[PDB]
Colleague: 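Let me begin by handing over the structure; questions about it come next.
Quick note on labels: first sequence line is chain A, next is B, and so on, each numbered from 1.
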Amino acid sequence: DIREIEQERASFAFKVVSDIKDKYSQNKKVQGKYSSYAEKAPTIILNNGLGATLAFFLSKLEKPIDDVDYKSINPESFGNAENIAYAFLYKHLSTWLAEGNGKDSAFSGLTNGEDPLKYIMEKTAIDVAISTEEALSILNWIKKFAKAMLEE
Amino acid sequence: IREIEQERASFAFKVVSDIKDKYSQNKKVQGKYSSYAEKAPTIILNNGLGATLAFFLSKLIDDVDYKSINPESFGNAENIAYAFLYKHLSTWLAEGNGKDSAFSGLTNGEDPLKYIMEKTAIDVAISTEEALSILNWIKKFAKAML
Amino acid sequence: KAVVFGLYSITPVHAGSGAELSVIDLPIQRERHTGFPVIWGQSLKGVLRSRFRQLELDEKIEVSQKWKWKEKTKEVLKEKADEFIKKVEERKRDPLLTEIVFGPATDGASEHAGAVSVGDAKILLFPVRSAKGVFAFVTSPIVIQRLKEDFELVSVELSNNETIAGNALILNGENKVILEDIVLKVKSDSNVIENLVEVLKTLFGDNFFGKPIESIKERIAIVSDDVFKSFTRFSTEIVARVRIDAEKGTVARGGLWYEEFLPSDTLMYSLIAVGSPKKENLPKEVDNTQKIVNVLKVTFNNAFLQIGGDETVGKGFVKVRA
Amino acid sequence: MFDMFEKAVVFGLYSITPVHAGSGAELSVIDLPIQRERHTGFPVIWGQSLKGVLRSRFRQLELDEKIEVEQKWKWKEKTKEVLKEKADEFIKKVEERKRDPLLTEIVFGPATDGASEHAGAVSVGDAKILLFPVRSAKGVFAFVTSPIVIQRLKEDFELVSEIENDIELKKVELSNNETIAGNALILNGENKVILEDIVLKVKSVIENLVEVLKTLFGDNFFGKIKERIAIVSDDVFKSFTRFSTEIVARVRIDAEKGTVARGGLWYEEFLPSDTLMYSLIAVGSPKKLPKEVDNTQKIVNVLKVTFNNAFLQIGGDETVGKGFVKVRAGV
Amino acid sequence: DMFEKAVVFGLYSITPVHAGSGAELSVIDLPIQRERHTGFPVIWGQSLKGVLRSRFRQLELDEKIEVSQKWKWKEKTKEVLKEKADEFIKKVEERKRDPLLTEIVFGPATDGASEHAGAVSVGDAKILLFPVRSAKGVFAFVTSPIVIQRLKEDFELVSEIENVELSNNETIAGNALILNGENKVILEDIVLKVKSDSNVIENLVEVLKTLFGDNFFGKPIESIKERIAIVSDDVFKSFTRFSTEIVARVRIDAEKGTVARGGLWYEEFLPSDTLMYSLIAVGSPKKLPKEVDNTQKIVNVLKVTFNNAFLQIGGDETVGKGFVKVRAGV
Amino acid sequence: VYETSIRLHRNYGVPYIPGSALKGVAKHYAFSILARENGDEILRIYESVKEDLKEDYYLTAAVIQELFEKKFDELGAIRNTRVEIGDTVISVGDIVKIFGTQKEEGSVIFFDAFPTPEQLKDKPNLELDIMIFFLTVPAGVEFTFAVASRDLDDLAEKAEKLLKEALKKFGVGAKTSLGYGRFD
DNA sequence: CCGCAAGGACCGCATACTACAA
RNA sequence: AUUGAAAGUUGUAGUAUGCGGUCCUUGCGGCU
């Protein structure tokens, strides 16, 4: 009995949104920023592209957009609420494209563990299109749970 | 497949009656519940059951628990009607008419949204069909009572 | 002796019953006491007789030689053979072996009786949509008890929420089966399904109408009597048909009605009770019961028949095992 | 052992527009669903729907003398050749749409007025799904089928084999997360396929299936596929046919207010384009006769020439471009 | 089966077109209609017929329909309905029925639905040329093998009524798109290697000449040929998904002149310069004046009425969306 | 990702003004004139609607909008109320038909507005401005506008005069409170 | 650089809704 | 040596005809 990706999307989205609410229950600013950035993210992707969106997040963290592995990014090491949220969103989005909801889940990502931004700047347009659609799909679910759970 | 229809009809009559009882003088609440009941299957058809439940969630959190919802504690008719429909739909999928009846739910007390996240695609499909069926019965009694 | 005819539907079947009480315009034949779908002995006999008759007239009947009915008619009726053969061509009578096996055509009814008694085709397995394994072959204790009784003489406890089912129907770890839109909890059982399959194998052989009977075992679901009855009454195909007035390109006046169909993948069985051939001066190769039984088996085993109405819109086709 | 028929023809049906073979309105979110086999959930076109379509086309062709038998078929002349004396009164019935032209009634049966005279000569089987189009992350879409469909195809070949008395005319196992698929569907360096919302692992059959499709429909496939064929498990295939059909909201707009009118909003289901279905058309001896069509073989020939490579419209909503299919009729 | 004539309606978008499919719980609130298994943008036959019918109705009620002389429906209804003509006119005026010729061509309104079927079949509008931004050549008219294959099949249907292989990094394109001595084309975010071919584009232009002539919706057909590109199916799918128009709209609260709460949403549009086509099949009317009493007559009325006409399709009409140029190729 | 943006045509790159904005600014300008000239009476007649919104000009404008958007079945009381802009007489009932309601489509089509081709040839259609840099359309750029009647009422003339005034007094686009978006 | 982050109307209406012989 | 023998509710029949996912809505405010 298999599962659909939608189930994994919803599961992953709930998990990462609950993780923020847990680590920053007293910080409404961090929660409010993450929700704003999750809401903003799909529109940036449609207008500017997924690669430009991932790079846009990294630039907010003042990281070199060419020399950063997503796993190395630890959101709990930033001061302002903005960079904490950007780091979370970048981390969650990259983790989804890279690992999905786990190696033994119904969806283990698209980039086979490779950093999504590095993947984009290395692969073909069709690969990027498939990842772009998937990025939009996971963000839709992140937005859903952020809207209901995260407070301002 | 016939007894399950009777069970659905029994639940539907009960929840709509509760709506009409608590908000007898409030036609706005009754009318809102009716509209949302009519729109609900459409939202499910175009977005899936998971997204629809999530959409209801946004009309209300710490945890996803339909039991903890309190529809009467809300300020406006829109949120009151949404909270009621959400709880009704969730209660049916999780509890049915109770464990003293033929149909006692599909999810065994678990919130349907979390249930969808955890179980198989088959489990989600039957929950989707069942959700559409109970809303279809709620729509019947809504049009006749509200 | 007797022959058990297994009937497996490969297209939907409409054995019409005018007397059946229903909200449907054209309902299918059903048993009065059980409400189960059925094919009347008389409907089946008519089908069997028509096929047999065509084969005899076309010299395709084998008795292990080619049966020549006009030659046999002359060595049987002697001086009255020519007028009989004339009646056959005039469709007033049927060819020799046909009348021996199924009885004279109505014109000659009083001469002698038909050797065979064609029993109702009783339902055995009824297909129901399953969330796992596409669909289940559904049956009930009352059905199994009827089958066992019919076979024993010719030679289970379940609640409304329970089912004894094969592995291919069961949701992994949940111990549940989902038939259409309802959920049944799996009752642990060791040999009931296995016993049923063995009975089926003893009557119809190793191959189940073109597939191993072992494959069927994994998709059999035994449900309670009330649940089985419910499915056989409310899961049959109910189809709207219309007639179009091509002058207007819209549905003609009085051109809408509803018709019921027994689904494909239904298993039924009919006991054909064979008595001694009753015609006088029989040819030797068909002068007793065993010889009639043998011809019946060879003629209809692995045959394809059309039962009921709606032949030209592709309904009523069944595979036969005898 | 299928002696009631003598020959059979497989009618391949490829949709080039969405198709709505209807079953009627329901009290449901989908107000107008398509025809389905209830115990499998598979989409079908009932034989009576297809027969009505075939009959109407054949009838119009005979009335316009476009029917080819062996030269042109003049039904009025052949009517006079068969009915002789009372032929004139029969032709008058046809012009009044009380009866149908000679060959039409021979093949499909008499119009409702003469129903009791004789039965039709051909049996129009239900159309069943063979290939169902499903969106794919790579390769745009896949022609999806399953073992149970392949099995039913083989069994129908056994029917044809029994009817034509040709014994010469007469194994796929897959897990639910597995697929046997063409190269165009497979993601770059992953050995996986994503159909709709399901990830399927590629398994190391298609070439043989294509060879079968090449037999029935000729060397060309309806004038056009192995690279986008995907074989999935029976239950996965079933879910696709039930939940990947087109569901469309339609409205009626008040011509004066420019707004949706009351009783003017409903949801309607469509079988997608690029769907391959097939029906078994069995032919028996005519039961009504001119020498040109006095036996089974001659009737088969007429059917093959008339409908092969032809376009038909099946189901409702013809006026909004639905139900258009291309037909291939092979023996 | 009464279809004797088929005409192709070319639809060239002048403004962005929104053929809606209902709201969705996603970033794109109001998406455009798409064929599900391909994801290709479409305009369903019923959406197009409603617009054609509405236009034809307004023109018939204003005596602007020509059959080469004017059409009087009230006078032609008196000749058809006779005694019940005055009753039918009152129905049309009460908007319970539609004028005579409209009901003949498109079928009766609700009250007369069972009387007869519509004479014409309005096919789904299919994508033929999709405008894609291009590094060289400003923008290209892009199509794919699937589209061309469908175009071919639709011709096999039309003729019956009247009685290329590319990899993902390859393109067949006109010279105006190709970079200076690089043999590459850049369409949106995709870099494509030019594949040498000498038939595909040429035959495609020939098809357009057969249908629409030298006048390609306000421009010479020769101008278009230099900017036509064929790409792989995967690439075309990506273009029609990520290069549609996604427009942010708002509703302003007059109180402070700011965006109202829940007053921000996104709508999808087919861009301007999108070429779609629909098969309009015409059969013998089933209801009738001798002016329009056969297939050929209906075709002539359909052509002249809609050829070179400007039509609004889909939603957002009063904010200037959905306006296309129509060419009726017979 | 630029943090600022501007509506540029997808295929041709020219800046332009969506019909939605043109229709919007014309309707909000209609709201304004009705508020400054007939505010006291409108707030008095529709005291029930006023309570829903809530008491100055900005409360009146919101009340007029709600009347036109939500409670348009109740506009019978002030349907005959007229406004001048500038020498033409436009009634509330005319405004209802021009922009339409949820129960009836607007009788006037508001098309997109585009700069003439001659200017694309002769002068820069874009120039950088500072708040953070952002793209703007320079002063002196001529645009072509159009409105069309789609009903027998023929209200495109009133809509034209209403839109012309809106583009002069209100302006269109962002940062109107700083003088941006004005037309001559 | 910051903020937002849909809502209601319509909700299948009407017609055909057995005919006839054997 | 049974009110018994003999008899296919079958044949003909397109769930179809009519129906725009449309109407109302300034990517803006100046804040974090």
Colleague: For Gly20(E) and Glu311(C), take the nucleotide of RNA chain H holding the closest heavy atom to each; which residue's nucleotide lies nearer the 5' end?
Modeller: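 Upstream on the strand: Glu311(C).
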Colleague: Starting at the 5' end of DNA chain G, which residue's closest nucleotide do you reach first, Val242(C) or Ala25(D)?
Modeller: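 So the residue in question is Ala25(D).
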Colleague: Can you tell me how far apart CZ (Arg55(E)) and CG (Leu311(E)) are? Round to the nearest 0.5 Å.
Modeller: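 The CZ atom of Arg55(E) sits 4.5 Å away from the CG atom of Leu311(E).
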Colleague: Just to confirm, is there a sub-4.0 Å distance from OP1 or OP2 of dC2(G) to any side-chain nitrogen or oxygen of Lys33(A)?
Modeller: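 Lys33(A) to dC2(G) OP1/OP2: no side-chain N or O under 4.0 Å.
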Colleague: Is a salt bridge present between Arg57(E) and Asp98(E), judged by a nitrogen-to-oxygen distance below 4.0 Å?
Modeller: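 So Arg57(E) pairs with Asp98(E) through a salt bridge.
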Colleague: Taking atom P in both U32(H) and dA5(G), compute the distance separating them and give it to the nearest angstrom.
Modeller: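 Between the two P atoms, the distance is 15 Å.
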Colleague: For nucleotides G21(H) and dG7(G), find the distance between their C1' atoms and express it as a whole number of Å.
Modeller: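 The answer is 15 Å between these two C1' atoms.
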Colleague: Base of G21(H), side chain of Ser21(E) - is there a donor-acceptor contact under 3.5 Å?
Modeller: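 Checked by distance alone, the answer is no.
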Colleague: Respond yes when some side-chain nitrogen or oxygen of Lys27(F) is under 4.0 Å from OP1 or OP2 of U26(H), and no when none is.
Modeller: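 Answer no for this pair, as no side-chain N or O of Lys27(F) is under 4.0 Å from OP1 or OP2.
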Colleague: Is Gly22(E) touching bases, backbone alone, or none of the nucleic acid, heavy atoms closer than 4.0 Å?
Modeller: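 The answer is base, as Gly22(E) lies within the cut-off (heavy atoms under 4.0 Å) of a base atom.
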Colleague: About how many Å separate NE2 of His112(C) and CD1 of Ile100(C), when rounded to the nearest 0.5 Å?
Modeller: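 Going from CD1 on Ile100(C) over to NE2 on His112(C), the span is 7.0 Å.
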Colleague: Looking for any heavy atom pair under 4.0 Å, which part of the strands does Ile314(D) touch: base, sugar-phosphate only, or nothing?
Modeller: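 The answer is base, as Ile314(D) lies within the cut-off (heavy atoms under 4.0 Å) of a base atom.
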Colleague: Nearest to the side chain of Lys60(A), which nucleotide is it out of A5(H), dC1(G), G8(H)?
Modeller: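 Side chain of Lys60(A) sits closest to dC1(G).
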Colleague: Report which part of the nucleic acid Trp40(C) touches: base, sugar-phosphate, or nothing (heavy-atom distance under 4.0 Å, all strands).
Modeller: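 It contacts sugar-phosphate atoms only.
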Colleague: Can you check the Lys143(A) NZ to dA6(G) P distance for me, whole Å?
Modeller: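 Rounded to whole Å, this separation is 7 Å.
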Colleague: Take atom P in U17(H) and the same atom in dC20(G), then report the distance between them in whole Å.
Modeller: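 Pairwise P distance, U17(H) against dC20(G), rounds to 25 Å.
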Colleague: OP1, OP2 of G27(H) versus side-chain N and O of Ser20(F): anything below 4.0 Å?
Modeller: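 Result: yes.
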Colleague: Would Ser43(C) and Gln29(C) satisfy side chain to side chain donor-acceptor pair (under 3.5 Å), going step by step from the backbone distance to the final call?
Modeller: CA-CA 10 Å; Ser43(C) 284; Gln29(C) 295 162 7; 3.2 Å; yes
Colleague: Mind checking if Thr312(C) touches a base, just sugar-phosphate, or nothing, with heavy atoms under 4.0 Å?
Modeller: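 Sugar-phosphate only.
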Colleague: Testing the basics here: between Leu150(A) and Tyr34(A), what is the closest heavy-atom pair and its distance to 0.1 Å?
Modeller: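 Answer, listing the atom of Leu150(A) first, then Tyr34(A): CD1-CD2, 3.5 Å.
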Colleague: Under a 3.5 Å cutoff, is there a donor and acceptor pairing between the side chains of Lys51(D) and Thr312(C)?
Modeller: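 Judged by distance alone, the side chains do pair up.
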Colleague: What pucker does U15(H) show by its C1'-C2'-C3'-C4' sign, north or south?
Modeller: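 It is south, as the sign of the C1'-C2'-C3'-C4' dihedral turns out negative.
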Colleague: Round to the nearest Å and state the distance from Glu267(E) atom CD to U25(H) atom P.
Modeller: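 Rounded to the whole Å, the gap is 11 Å.
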Colleague: Any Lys/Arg nitrogen of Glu115(E) or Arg97(E) sitting under 4.0 Å from an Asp/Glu carboxylate oxygen of the other?
Modeller: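 A salt bridge is present here (some side-chain N lies under 4.0 Å from a carboxylate O).
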Colleague: Round to a whole Å and report the spacing from CD of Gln102(F) to P of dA6(G).
Modeller: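 So the CD-P distance, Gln102(F) to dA6(G), works out to 19 Å.
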Colleague: Look at the side chain of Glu69(F) against the base of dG7(G) and say whether a donor-acceptor pair falls under 3.5 Å; ignore hydrogens and angles.
Modeller: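 Answer is no: no donor-acceptor pair is held.
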Colleague: Kindly say whether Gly309(C) contributes a backbone atom to a donor-acceptor pair with the side chain of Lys315(C) at under 3.5 angstrom?
Modeller: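 Judged by distance alone, no pair lies under 3.5 Å.
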Colleague: For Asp254(D) and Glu104(F), run side chain to side chain contact (heavy atoms under 4.5 Å, CB included): C-alpha distance rounded to whole Å, both residues' side-chain angles, the deciding distance at 0.1 Å, then the answer.
Modeller: CA-CA 9 Å; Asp254(D) 195 319; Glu104(F) 185 173 4; over 6 Å; no
Colleague: Taking C-beta and beyond as the side chain, do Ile244(C) and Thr250(C) meet within less than 4.5 Å on heavy atoms?
Modeller: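 Heavy-atom side-chain distance check fails, nothing below 4.5 Å.
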Colleague: Will you find, in the side chains of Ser35(A) and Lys147(A), an N or O donor that is under 3.5 Å from an N or O acceptor?
Modeller: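 Side chains of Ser35(A) and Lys147(A): no pair found under 3.5 Å.
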Colleague: Pick north or south for the sugar of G29(H); the rule is positive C1'-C2'-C3'-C4' for north, negative for south.
Modeller: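 North.
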Colleague: From NE2 of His28(F) over to P of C28(H), roughly how many Å is that when rounded to an integer?
Modeller: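 Atom NE2 in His28(F) sits about 12 Å away from atom P in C28(H).
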Colleague: Remember a base hit wins even if backbone is also touched, and classify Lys51(D) as base, sugar-phosphate or nothing at under 4.0 Å, heavy atoms.
Modeller: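 Contact class for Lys51(D): sugar-phosphate only.
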Colleague: For a quick check of understanding: with a heavy-atom distance under 4.0 Å over all strands, which category does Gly114(D) fall into, base, sugar-phosphate or nothing?
Modeller: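 Counting heavy atoms under 4.0 Å across all strands, no contact is made by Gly114(D).
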Colleague: As a test of reading torsions: judging only by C1'-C2'-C3'-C4', is the sugar of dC4(G) on the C3'-endo (north) or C2'-endo (south) side?
Modeller: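 Of the two classes, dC4(G) takes south, because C1'-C2'-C3'-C4' is negative.
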Colleague: Give a yes/no on whether any side-chain N or O of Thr176(F) is located under 4.0 angstrom from OP1 or OP2 of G29(H).
Modeller: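 Answer yes for this pair, as a side-chain N or O of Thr176(F) is under 4.0 Å from OP1 or OP2.
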Colleague: Closest to the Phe102(C) side chain: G20(H), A7(H), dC1(G)?
Modeller: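 The answer is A7(H).
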Colleague: Can you tell me, in whole Å, how much space there is between the P of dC17(G) and that of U12(H)?
Modeller: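 23 Å, rounded to whole Å.
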Colleague: Which stems, defined as runs of 3 or more consecutive Watson-Crick or G-U wobble pairs with both pairing distances under 3.5 Å, involve RNA chain H?
Modeller: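 Output for stems: G:6-9 with H:22-25, G:12-16 with H:15-19.
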Colleague: For the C1' atoms, the ones on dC4(G) and on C31(H), what distance do you get once it is rounded to whole angstrom?
Modeller: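 It comes out at 12 Å once rounded to the nearest Å.
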Colleague: Look at the side-chain N and O atoms of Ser47(E) and state whether any lies under 4.0 Å from the OP1 or OP2 oxygen of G21(H).
Modeller: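 Affirmative; the distance criterion is met.
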Colleague: Counting only side-chain nitrogens and oxygens, does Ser35(B) get under 4.0 Å of the OP1 or OP2 atom of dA9(G)?
Modeller: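 Checking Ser35(B) against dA9(G): at least one side-chain N or O falls below 4.0 Å of OP1 or OP2.
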Colleague: Please determine whether a side-chain nitrogen or oxygen atom of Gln42(C) lies at a distance below 4.0 Å from atom OP1 or OP2 of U9(H).
Modeller: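 For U9(H), OP1 or OP2 has a side-chain N or O of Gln42(C) closer than 4.0 Å.
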Colleague: If I take atom CZ in residue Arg250(D) and atom P in nucleotide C19(H), what distance separates them, rounded to the nearest angstrom?
Modeller: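 Distance, rounded to whole Å: 8 Å.
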Colleague: Do the six-membered rings of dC4(G) and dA5(G) sit on top of each other, with centres under 5.5 Å apart and planes under 30° apart?
Modeller: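 Between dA5(G) and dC4(G) there is no base stacking, as the criterion is defined here.
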Colleague: Can you measure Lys175(F) atom NZ to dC1(G) atom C1' for me and round it to whole angstrom units?
Modeller: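 Those two atoms, NZ and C1', are 10 Å apart.
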Colleague: Answer with base, sugar-phosphate or nothing: what part of the nucleic acid does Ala248(E) contact at a heavy-atom distance below 4.0 Å?
Modeller: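 Base contact - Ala248(E) has a heavy atom under 4.0 Å of at least one base atom.
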Colleague: Can you tell me if the side-chain N/O atoms of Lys322(D) get under 4.0 Å from OP1 or OP2 in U17(H)?
Modeller: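 False: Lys322(D) side-chain N/O out of range (4.0 Å or more) of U17(H) OP1/OP2.
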Colleague: Would you indicate, from the sign of the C1'-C2'-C3'-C4' dihedral, whether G18(H) has a north or a south sugar?
Modeller: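 Pucker of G18(H): north.
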Colleague: Using a cut-off of strictly less than 4.0 Å, decide whether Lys257(D) has a side-chain nitrogen or oxygen near OP1 or OP2 of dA9(G).
Modeller: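 For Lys257(D), the contact criterion (side-chain N or O under 4.0 Å from OP1 or OP2 of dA9(G)) is not met.
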Colleague: Quick one: do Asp316(E) and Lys23(F) make a salt bridge, cutoff under 4.0 Å?
Modeller: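 Salt bridge between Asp316(E) and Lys23(F), a charged N being under 4.0 Å from a carboxylate O: no.
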Colleague: Taking the side chain of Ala119(D) as heavy atoms from C-beta outward, which of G11(H), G29(H), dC1(G) is closest to it?
Modeller: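 Per side-chain heavy atoms of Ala119(D), the pick is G11(H).
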Colleague: On the nucleotide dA5(G), are OP1 or OP2 found under 4.0 Å from the side-chain N or O atoms that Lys147(A) carries?
Modeller: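 For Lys147(A), the contact criterion (side-chain N or O under 4.0 Å from OP1 or OP2 of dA5(G)) is not met.
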Colleague: Taking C1'-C2'-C3'-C4' positive as north and negative as south, where does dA19(G) sit?
Modeller: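 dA19(G) falls in the south pucker range.
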Colleague: How is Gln312(E) classified with respect to the nucleic acid when contacts are heavy atoms under 4.0 Å: base, sugar-phosphate, or nothing?
Modeller: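 Base contact.
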Colleague: One thing to verify: whether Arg249(E) and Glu267(E) come together as a salt bridge, which I'm taking to mean a side-chain N less than 4.0 angstrom from a carboxylate O.
Modeller: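 Here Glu267(E) pairs with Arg249(E) in a salt bridge, since their nearest N and O are under 4.0 Å apart.
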Colleague: For each nucleotide in nucleotides 17-22 of chain G, reading 5' to 3', give B when a protein heavy atom comes within less than 4.0 Å of its base, S when such contact involves only the sugar-phosphate, and - otherwise.
Modeller: SB--BS
Colleague: Would you mind reading off the distance between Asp253(E) atom CG and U25(H) atom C1', rounded to a whole angstrom?
Modeller: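 Distance, rounded to whole Å: 11 Å.
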Colleague: Is the distance from the ring center of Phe68(F) to that of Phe99(F) below 6.0 Å?
Modeller: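 Centroid distance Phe68(F)-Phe99(F): not below 6.0 Å, so no.
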Colleague: Could you check how far CD1 of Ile130(F) sits from P of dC1(G), rounded to whole Å?
Modeller: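 To the nearest whole Å, that distance equals 14 Å.
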